[PDB]
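To start, the structure under review is shown below, and the notes come after it.
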Amino acid sequence: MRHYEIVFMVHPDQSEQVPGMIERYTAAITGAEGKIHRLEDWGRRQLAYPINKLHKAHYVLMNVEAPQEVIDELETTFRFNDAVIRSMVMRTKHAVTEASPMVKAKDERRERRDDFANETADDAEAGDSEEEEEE
Amino acid sequence: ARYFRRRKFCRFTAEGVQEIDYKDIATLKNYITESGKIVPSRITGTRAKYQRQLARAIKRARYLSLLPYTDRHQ
Amino acid sequence: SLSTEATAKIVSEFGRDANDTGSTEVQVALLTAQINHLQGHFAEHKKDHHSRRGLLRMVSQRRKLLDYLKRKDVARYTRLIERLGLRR
Amino acid sequence: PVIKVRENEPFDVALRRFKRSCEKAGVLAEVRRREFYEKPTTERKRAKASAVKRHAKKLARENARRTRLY
Amino acid sequence: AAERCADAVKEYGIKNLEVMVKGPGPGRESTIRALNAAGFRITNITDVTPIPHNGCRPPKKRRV
RNA sequence: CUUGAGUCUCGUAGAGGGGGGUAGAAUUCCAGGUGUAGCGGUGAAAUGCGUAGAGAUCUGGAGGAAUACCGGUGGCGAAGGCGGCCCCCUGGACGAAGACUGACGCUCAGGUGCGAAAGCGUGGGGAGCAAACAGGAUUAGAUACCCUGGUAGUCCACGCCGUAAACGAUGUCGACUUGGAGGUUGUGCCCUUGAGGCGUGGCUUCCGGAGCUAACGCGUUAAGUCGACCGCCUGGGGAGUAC
């Protein structure tokens with residue numbers, strides 16, 4: 001299809017929600033027959049400059065493959081939504097995306113840049129899921 | 001000789017093709033003054049294609065609030 | 001230009017079973033399918049002059065390959081025009 | 001600038017020209033004129049002229065060697 | 001100007017300073033030098049000067 | 001018949017075009033806090049703004065244009081022209097190999113088409129700049145220069161006459177004719193081992209040889225050697241005007 005490097009970040013106090021936003025979108029993409037190349041969350045970070053009276057935000061990288069209608073449908077939700085502080089979607093037709101070159105960018109972050117801190121666990125905990133075990 | 005094909009890394013300041021773009025932050029900040037703005041190709045020695053492509057990756061980053069837009073008050 | 005998978009279909013139907021690329025009927029059918037695609041584009045994009053130049057290149061080009069075809073096989077030309085729906 | 005990140009006490013050797021990111025000497029090009037939109041074709045495309053001045057120096061060493069200028 | 005000003009703030013018992021520098025005039029660094037020689041300790045000499053990102057059109061002054 | 005010209009897959013670079021959104025810095029304006037007498041301006045000055053609290057300074061909002069640095073002899077474009085970022089539609093070029101059609105070509109009166117700019121109609125918009133216009137200055141005047149204000153305009157949407165030092169002052173396409181040094185982009189070969197060596201195409205720029213030109217100067221991107229087709233000129237003024 002087409003490949004979309006979606007980055008968006010969410011305002012701290014509604015960030016504690018965020019796997020629920022990701023779980024809504026990822027079913028919205030894969031239910032339109034897309035595929036999730038990857039979901040790396042980047043955690044809570046301290047902004048380079050304040051964005052409309054806010055100093056920190058929580059960053060999420062989705063790498064969607066999907067048709068053109070679907071990315072458009074995500075943007076209309078992102079537009080009317082308080083939760084997102086700012087959002088970006090990049091590119092369109094690269095098959096370089098499929099072979100997932102940001103698998104490494106995720107690991108490079110884990111080895112040095114992204115480390116243990118309180119704010120990025122607070123953001124993870126809403127979606128806490130226990131629906132696996134054999135009966 | 002015949003097909004050993006470029007083990008070495010030392011040349012141009014851009015021998016590898018910088019295929020990580022706006023996600024390697026520490027690589028970007030090597031090209032950013034302490035006043036928070038992009039430096040020119042003559043000073044960094046980046047080949048011109050890569051340099052135009054790096055500028056795009058820095059602007060991408062600035063709008064994402066990864067990099068200082070300016071150093072203003074920072 | 002026209003979609004790669006659509007293009008495979010165009011060549012298949014207006015070429016012979018050898019699957020030509022250059023044969024005159026096939027070029028005219030490819031231009032035509034692109035003129036029809038573009039004619040939907042210049043509905044919304046009224047003031048796009050620089051892409052309109054490329055349109056007038058395709059139309060002019062087709063017009064020349066039609067002259068060629070009519071100088072050669074008039075049977076093939078009269079056939080092609082009606083199978084692709086050209087003029088009135 | 002004198003520079004605000006050097007280390008913070010007043011040490012007065014720092015020469016402000018030898019300490020400028022950009023300020024003054026290009027930065028206020030945008031004041032008391034608008035550099036008329038393609039005025040730069042005659043202001044700024046004298047790049048060839050300053051590249052010629054470097055060529056001229058790089059020539060002039062050599063002609064002095066073969067002529068024996070001293 | 002700086003030494004005159006230094007008198008006016010003596011009523012506020014101030015001892016330490018940071019300084020913002022603003023514009024392309026002369027006196028730009030020379031004013032700082034007078035503040036340190038006033039007996040004040042200066043924390044940063046932060047030049048702030050306000051620069052358009054291309055922005056609004058300047059006047060065209062000195063015309064032909 | 002296939003070298004010309006066209007066509008297919010795979011890729012690449014770029015401010016090529018159109019429509020939508022979006023972010024920061026800054027000038028401005030309104031709002032509020034602090035705070036005192038000048039501020040602003042020039043050669044110097046005055047008009048202006050200020051003791052009704054300005055200028056400066058901190059906070060918050062509003063709006064509209066532009067989109068620093070990167071940016072370079074750079075790049076793209078038929079030309080005029082195009083520089084934030086993001087998506088959508090889409091044009092053209094170039095390569096590397098294979099294949100395919102088989103002269104489908106080149107040029108072009110009339111012709112239809114495409115505008116920098118100011119101008120222009122109707123509708124919106126108005127932050128900055130700014131003709132007209134005003135006030136101040138200089139001057140023997142000074143309808144000008146300089147300074148303080150300021151309207152149309154510039155900006156969007158759609159429609160109109162198509163002007164330019166609309167340029168390379170060089171019409172198109174094609175063949176042929178010693179190089180050097182550099183930009184820039186695809187691309188064959190290398191312990192790719194010195195920001196290095198060899199190979200090939202595309203555009204691009206400074207220099208210069210044969211030759212040509214009255215001369216300057218051009219010079220493989222020709223103003224050299226020629227081919228085809230088109231435009232155009234025939235002393236200066238009058239006149240690019242009149243009818």
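Ordering of the structure tokens sets the chain letters (A, B, ...); residue numbers start at 1 within each chain; ligands are numbered from 1 in the order shown.
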Practice task
Specify as a PyMOL selection string all residues of chain E found within 8 Å of chain D, counting only C-alpha atoms.
Solution key: chain E and resi 24+29+36+41-47+51+57-62
Handout entry: Proximal residues of chain B relative to chain E (only C-alpha atoms; 10 Å) as a ChimeraX atom specification
Key = /B:71-73
Write the residues of the selection above to a file with N, CA and C atoms, as a PDB file, in the first residue's frame.
ATOM      1  N   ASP B  71      17.734  29.548  20.361  1.00  0.00           N
ATOM      2  CA  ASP B  71      18.065  29.335  21.751  1.00  0.00           C
ATOM      3  C   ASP B  71      17.234  30.227  22.666  1.00  0.00           C
ATOM      4  N   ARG B  72      16.172  30.887  22.167  1.00  0.00           N
ATOM      5  CA  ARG B  72      15.534  31.970  22.881  1.00  0.00           C
ATOM      6  C   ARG B  72      15.007  31.603  24.258  1.00  0.00           C
ATOM      7  N   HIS B  73      15.710  32.108  25.291  1.00  0.00           N
ATOM      8  CA  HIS B  73      15.461  31.938  26.709  1.00  0.00           C
ATOM      9  C   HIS B  73      15.904  30.591  27.262  1.00  0.00           C
TER      10      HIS B  73
END
Practice task
Write down as an MDAnalysis selection string the residues of chain E whose backbone DSSP state falls under alpha helix (DSSP H).
Solution key: chainID E and resid 2:8 30:37
Problem - At most 12 Å to chain A: residues in chain F, only C-alpha atoms (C1' of nucleotides), as a PyMOL selection string - result: chain F and resi 20-24+60+85-88
Could you dump the residues just selected with N, CA and C atoms (P, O5', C5', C4', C3', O3' and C1' of nucleotides) as a PDB file, in the first residue's frame?
ATOM      1  P     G F  20      -6.490  26.341  -0.915  1.00  0.00           P
ATOM      2  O5'   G F  20      -6.524  25.198   0.171  1.00  0.00           O
ATOM      3  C5'   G F  20      -7.712  24.624   0.748  1.00  0.00           C
ATOM      4  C4'   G F  20      -7.377  23.400   1.626  1.00  0.00           C
ATOM      5  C3'   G F  20      -6.722  23.724   2.961  1.00  0.00           C
ATOM      6  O3'   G F  20      -7.723  24.162   3.906  1.00  0.00           O
ATOM      7  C1'   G F  20      -5.519  21.984   1.932  1.00  0.00           C
ATOM      8  P     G F  21      -7.394  25.375   4.873  1.00  0.00           P
ATOM      9  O5'   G F  21      -6.227  24.804   5.813  1.00  0.00           O
ATOM     10  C5'   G F  21      -6.670  23.774   6.751  1.00  0.00           C
ATOM     11  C4'   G F  21      -5.539  22.972   7.409  1.00  0.00           C
ATOM     12  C3'   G F  21      -4.598  23.539   8.463  1.00  0.00           C
ATOM     13  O3'   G F  21      -5.282  23.573   9.738  1.00  0.00           O
ATOM     14  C1'   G F  21      -3.381  22.253   6.882  1.00  0.00           C
ATOM     15  P     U F  22      -4.806  24.465  10.950  1.00  0.00           P
ATOM     16  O5'   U F  22      -3.270  24.134  11.040  1.00  0.00           O
ATOM     17  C5'   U F  22      -2.757  23.106  11.921  1.00  0.00           C
ATOM     18  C4'   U F  22      -1.217  23.043  11.896  1.00  0.00           C
ATOM     19  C3'   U F  22      -0.562  24.259  12.495  1.00  0.00           C
ATOM     20  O3'   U F  22      -0.571  24.136  13.935  1.00  0.00           O
ATOM     21  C1'   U F  22       0.480  23.667  10.434  1.00  0.00           C
ATOM     22  P     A F  23      -0.084  25.377  14.766  1.00  0.00           P
ATOM     23  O5'   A F  23       1.469  25.256  14.794  1.00  0.00           O
ATOM     24  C5'   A F  23       2.292  24.411  15.583  1.00  0.00           C
ATOM     25  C4'   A F  23       3.787  24.554  15.221  1.00  0.00           C
ATOM     26  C3'   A F  23       4.210  25.929  15.743  1.00  0.00           C
ATOM     27  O3'   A F  23       4.660  25.865  17.116  1.00  0.00           O
ATOM     28  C1'   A F  23       4.800  25.742  13.478  1.00  0.00           C
ATOM     29  P     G F  24       4.491  27.219  17.949  1.00  0.00           P
ATOM     30  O5'   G F  24       5.792  28.056  17.606  1.00  0.00           O
ATOM     31  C5'   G F  24       7.074  27.587  18.068  1.00  0.00           C
ATOM     32  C4'   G F  24       8.257  28.313  17.409  1.00  0.00           C
ATOM     33  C3'   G F  24       8.343  29.821  17.594  1.00  0.00           C
ATOM     34  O3'   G F  24       9.138  30.140  18.744  1.00  0.00           O
ATOM     35  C1'   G F  24       8.436  29.366  15.339  1.00  0.00           C
ATOM     36  P     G F  60       2.694  34.470  28.661  1.00  0.00           P
ATOM     37  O5'   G F  60       1.302  35.021  28.171  1.00  0.00           O
ATOM     38  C5'   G F  60       0.128  34.366  28.713  1.00  0.00           C
ATOM     39  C4'   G F  60      -1.139  35.191  28.489  1.00  0.00           C
ATOM     40  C3'   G F  60      -1.382  35.306  27.008  1.00  0.00           C
ATOM     41  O3'   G F  60      -1.860  34.042  26.501  1.00  0.00           O
ATOM     42  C1'   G F  60      -1.794  37.372  28.053  1.00  0.00           C
ATOM     43  P     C F  85      11.301  23.079   4.067  1.00  0.00           P
ATOM     44  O5'   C F  85      10.258  22.241   4.883  1.00  0.00           O
ATOM     45  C5'   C F  85      10.625  21.633   6.133  1.00  0.00           C
ATOM     46  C4'   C F  85       9.382  21.293   6.966  1.00  0.00           C
ATOM     47  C3'   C F  85       8.310  20.448   6.307  1.00  0.00           C
ATOM     48  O3'   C F  85       8.673  19.057   6.364  1.00  0.00           O
ATOM     49  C1'   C F  85       7.285  22.268   7.334  1.00  0.00           C
ATOM     50  P     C F  86       8.485  18.184   5.074  1.00  0.00           P
ATOM     51  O5'   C F  86       7.022  17.701   5.220  1.00  0.00           O
ATOM     52  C5'   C F  86       6.693  16.829   6.304  1.00  0.00           C
ATOM     53  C4'   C F  86       5.218  16.906   6.636  1.00  0.00           C
ATOM     54  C3'   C F  86       4.372  16.587   5.412  1.00  0.00           C
ATOM     55  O3'   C F  86       4.449  15.189   5.152  1.00  0.00           O
ATOM     56  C1'   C F  86       3.478  18.430   6.493  1.00  0.00           C
ATOM     57  P     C F  87       4.916  14.708   3.715  1.00  0.00           P
ATOM     58  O5'   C F  87       3.560  14.224   3.064  1.00  0.00           O
ATOM     59  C5'   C F  87       2.761  13.269   3.816  1.00  0.00           C
ATOM     60  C4'   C F  87       1.267  13.520   3.696  1.00  0.00           C
ATOM     61  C3'   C F  87       0.726  13.479   2.286  1.00  0.00           C
ATOM     62  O3'   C F  87       0.472  12.097   1.932  1.00  0.00           O
ATOM     63  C1'   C F  87      -0.036  15.456   3.350  1.00  0.00           C
ATOM     64  P     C F  88       0.535  11.684   0.412  1.00  0.00           P
ATOM     65  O5'   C F  88      -0.699  12.437  -0.149  1.00  0.00           O
ATOM     66  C5'   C F  88      -2.032  11.933  -0.009  1.00  0.00           C
ATOM     67  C4'   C F  88      -2.967  12.801  -0.835  1.00  0.00           C
ATOM     68  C3'   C F  88      -2.644  12.859  -2.317  1.00  0.00           C
ATOM     69  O3'   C F  88      -3.029  11.612  -2.939  1.00  0.00           O
ATOM     70  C1'   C F  88      -3.093  15.019  -1.520  1.00  0.00           C
TER      71        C F  88
END
Practice task
Looking only at strand (DSSP E) from DSSP on the backbone, list the matching residues of stretch 8-121 of chain A as a PyMOL selection string.
Solution key: chain A and resi 8-10+35-46+56-66+84-90
Practice task
Hey, list the chain B side of the contact with chain D: 9 Å cut-off, only C-alpha atoms, answer as a VMD selection string.
Solution key: chain B and resid 33 to 35
Put those residues in a file: N, CA, C and O atoms, as an mmCIF file, in the first residue's frame.
data_model
loop_
_atom_site.group_PDB
_atom_site.id
_atom_site.type_symbol
_atom_site.label_atom_id
_atom_site.label_comp_id
_atom_site.auth_asym_id
_atom_site.auth_seq_id
_atom_site.Cartn_x
_atom_site.Cartn_y
_atom_site.Cartn_z
ATOM 1 N N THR B 33 24.753 25.099 15.867
ATOM 2 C CA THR B 33 25.451 25.970 16.820
ATOM 3 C C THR B 33 24.873 25.952 18.232
ATOM 4 O O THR B 33 23.763 25.494 18.487
ATOM 5 N N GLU B 34 25.575 26.534 19.216
ATOM 6 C CA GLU B 34 25.055 26.679 20.555
ATOM 7 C C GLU B 34 23.926 27.675 20.629
ATOM 8 O O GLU B 34 23.168 27.670 21.590
ATOM 9 N N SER B 35 23.731 28.512 19.591
ATOM 10 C CA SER B 35 22.576 29.388 19.471
ATOM 11 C C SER B 35 21.444 28.713 18.719
ATOM 12 O O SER B 35 20.382 29.290 18.490
#
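With atom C1' of residue F:181 on one side and atom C1' of residue F:207 on the other, the separation reads 7.6 Å.
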Exercise for the section: Enumerate as JSON, numbers by chain the residues belonging to chain F that approach chain C to within 7 Å, with only C-alpha atoms (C1' of nucleotides) taken into account. Expected result: {"F": [7, 8, 17, 18, 89, 90, 91, 100, 101, 104]}
Exercise for the section: Using only C-alpha atoms, find the residues of chain B whose closest atom to chain A is at most 9 Å away, then write them as JSON, numbers by chain. Expected result: {"B": [19, 20, 23, 24, 62, 63, 64, 65, 66, 67, 68, 69, 70, 71, 72, 73, 74]}
Practice task
Mind checking which residues fall within 12 Å of residue B:42, counting only C-alpha atoms (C1' of nucleotides), ignoring those fewer than 5 positions away in the same chain, and posting them as a PyMOL selection string?
Solution key: (chain B and resi 12-13+31+47-48+51) or (chain F and resi 70-72)
Could the residues in this selection be saved with N, CA and C atoms (P, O5', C5', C4', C3', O3' and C1' of nucleotides) as a PDB file, in the first residue's frame?
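Produced file selection-v9.pdb, reproduced below:
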ATOM      1  N   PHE B  12      35.283  11.940   3.266  1.00  0.00           N
ATOM      2  CA  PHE B  12      34.312  13.001   3.011  1.00  0.00           C
ATOM      3  C   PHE B  12      33.688  13.672   4.238  1.00  0.00           C
ATOM      4  N   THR B  13      33.528  12.948   5.364  1.00  0.00           N
ATOM      5  CA  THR B  13      32.692  13.269   6.527  1.00  0.00           C
ATOM      6  C   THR B  13      31.263  12.766   6.288  1.00  0.00           C
ATOM      7  N   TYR B  31      25.790  19.524  14.075  1.00  0.00           N
ATOM      8  CA  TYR B  31      25.648  20.435  12.959  1.00  0.00           C
ATOM      9  C   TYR B  31      24.855  21.674  13.338  1.00  0.00           C
ATOM     10  N   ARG B  47      28.784  16.420   2.013  1.00  0.00           N
ATOM     11  CA  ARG B  47      28.498  16.573   0.588  1.00  0.00           C
ATOM     12  C   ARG B  47      27.116  17.167   0.336  1.00  0.00           C
ATOM     13  N   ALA B  48      26.960  18.011  -0.691  1.00  0.00           N
ATOM     14  CA  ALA B  48      25.795  18.844  -0.865  1.00  0.00           C
ATOM     15  C   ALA B  48      24.436  18.148  -0.869  1.00  0.00           C
ATOM     16  N   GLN B  51      23.646  17.339   2.530  1.00  0.00           N
ATOM     17  CA  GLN B  51      23.482  18.532   3.301  1.00  0.00           C
ATOM     18  C   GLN B  51      22.097  19.062   3.135  1.00  0.00           C
TER      19      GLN B  51
ATOM     20  P     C F  70      23.963  29.704   6.647  1.00  0.00           P
ATOM     21  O5'   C F  70      23.136  28.451   6.201  1.00  0.00           O
ATOM     22  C5'   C F  70      23.471  27.166   6.755  1.00  0.00           C
ATOM     23  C4'   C F  70      22.613  26.047   6.173  1.00  0.00           C
ATOM     24  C3'   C F  70      22.624  26.139   4.680  1.00  0.00           C
ATOM     25  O3'   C F  70      23.872  25.547   4.273  1.00  0.00           O
ATOM     26  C1'   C F  70      20.395  25.811   5.502  1.00  0.00           C
ATOM     27  P     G F  71      24.197  25.279   2.796  1.00  0.00           P
ATOM     28  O5'   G F  71      23.555  26.523   2.069  1.00  0.00           O
ATOM     29  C5'   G F  71      24.202  26.987   0.863  1.00  0.00           C
ATOM     30  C4'   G F  71      23.721  28.361   0.384  1.00  0.00           C
ATOM     31  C3'   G F  71      23.522  29.441   1.456  1.00  0.00           C
ATOM     32  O3'   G F  71      23.922  30.762   0.993  1.00  0.00           O
ATOM     33  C1'   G F  71      21.458  28.856   0.525  1.00  0.00           C
ATOM     34  P     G F  72      25.461  31.155   0.935  1.00  0.00           P
ATOM     35  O5'   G F  72      25.894  30.548  -0.450  1.00  0.00           O
ATOM     36  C5'   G F  72      27.225  30.073  -0.718  1.00  0.00           C
ATOM     37  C4'   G F  72      27.268  29.172  -1.970  1.00  0.00           C
ATOM     38  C3'   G F  72      26.630  29.710  -3.242  1.00  0.00           C
ATOM     39  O3'   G F  72      27.504  30.682  -3.836  1.00  0.00           O
ATOM     40  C1'   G F  72      26.125  27.424  -2.972  1.00  0.00           C
TER      41        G F  72
END
Handout entry: Shell of 8 Å around residue A:94, only C-alpha atoms (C1' of nucleotides), local chain residues under 3 positions omitted, as a list in words
Key = residues 2, 3, 91, 97 and 98 of chain A
Practice task
Could you list the residues in chain D lying within 9 Å of chain F, using only C-alpha atoms (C1' of nucleotides), and format the result as a PyMOL selection string?
Solution key: chain D and resi 45+47-48+52
Include C-alpha atoms and write out the residues we just selected as a compact mmCIF listing (two decimals), in the first residue's frame.
# COMPACT_ATOMS: atom_id res chain seq x y z
CA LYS D 45 26.58 37.68 -7.22
CA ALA D 47 30.96 35.82 -5.57
CA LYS D 48 32.76 35.24 -8.87
CA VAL D 52 38.68 35.50 -8.76
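Atom pair atom CA of residue A:30 / atom CA of residue A:96 has a distance of 19.9 Å (rounded to one decimal).
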Practice task
Compile the residues of chain F that lie within 7 Å of chain E, evaluated using only C-alpha atoms (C1' of nucleotides), and express the compilation as a VMD selection string.
Solution key: chain F and resid 25 to 27 65 to 68 128 to 129
Practice task
Select all residues from chain B having any atom no more than 7 Å from an atom of chain F (counting only C-alpha atoms (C1' of nucleotides), ignoring ligands), output as a PyMOL selection string.
Solution key: chain B and resi 1-2+5-6+8+11-12+37-40+55+59-60+63+69
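Atom to atom, atom CA of residue D:11 and atom CA of residue E:8 stand 26.1 Å apart.
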Practice task
Name all residues at most 10 Å from residue C:34 (count only C-alpha atoms (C1' of nucleotides); drop same-chain ones fewer than 3 positions away) and give them as a ChimeraX atom specification.
Solution key: /C:1-3,28-31,37-40,55,58-59
